[PDB]
Each structure stands twice: as C-alpha cells, then as structure tokens.
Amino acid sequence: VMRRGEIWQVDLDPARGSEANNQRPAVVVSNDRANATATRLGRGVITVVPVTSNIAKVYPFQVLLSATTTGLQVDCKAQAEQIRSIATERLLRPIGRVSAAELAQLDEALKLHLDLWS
C-alpha cells in the first residue's frame, strides 16, 4: 500500500552528476493501479519526484511543499525535473501526504517539464 501523493523517504544512491542523491523524501506520482501492481508482484517499479530542502530559486516545474501539512520537518520543493522510476525496495519509510492543492500543482509541473500539453 503506497498511493499517489504520499511522501516517502527513498534511497537514491548511487547517483551521477546532477541527479538527486543520498536518501531524501519523494512524492509518489505514478497512478494507483500501477502502484497496486508493483505491490502485487513485490518487485515492479513506482515513479517518484524527489524533494529538496535547498529551496533557493524555484522554477515553474517545481512545487513548494509545506512542512505543516506533509509531515516534513521543513518546507521543501519537489523537483519535477528529477522524476525517477524506482524499484519498490528503495522505499525506506513513509513520512506523509501532500495536500490536493500541492498535488494538482505538481501535475502542472509535470505537464510543463515533460511537454504534455496534449
């Protein structure tokens, strides 16, 4: 049981170059039928958007996540340009859930970054 919108701590190592690395929170963004399939076999993959506490300059393909509603300890930003499909074994520990507003803007960021305007 993992669901779209949930924030999990995930293990991204090893990484190369500007790829998000270390262990960090990430938002599940794959659909829940795929999530259910991945949990079924046990293996399978799920797609997540990594999160960083280094807010700095926020781009239109990135979304500010509130520590107050997510369970995070500080406000972070989800980087849609770092989207990654991961083996379920990289899931470490659940932290929380994004609001509906935050998730909707993350759908917008994904559509922008991947040029999915239709």
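Numbers follow the displayed sequence, beginning with 1.
Enquirer: Considering only other entries where residues before and after it are modelled, is residue 69 without coordinates in at least a third?
Expert: Residue status for residue 69: gap in at least one third of the other entries.
Enquirer: Please compare 45-53 with 62-70 and say which has the higher mean C-alpha temperature factor in the record.
Expert: Taking the mean B-factor of the alpha carbons in each, 62-70 is higher.
Enquirer: Test of understanding: from the entry's C-alpha B-factors, which stretch has the higher mean, 73-81 or 89-97?
Expert: Comparing 73-81 with 89-97, the higher average CA B-factor belongs to 73-81.
Enquirer: Splitting the chain's C-alpha B-factors into thirds, which one does residue 4 fall into?
Expert: Middle third - that is where residue 4 ends up once the chain's C-alpha B-factors are sorted.
Enquirer: By the record's CA B-factor, is residue 30 among the lowest, middle or highest third of residues in the chain?
Expert: Bottom third by C-alpha B-factor.
Enquirer: Of the three thirds of its chain by CA temperature factor, lowest, middle or highest, which one includes residue 20?
Expert: Highest third, going by the recorded CA B-factors of the chain.
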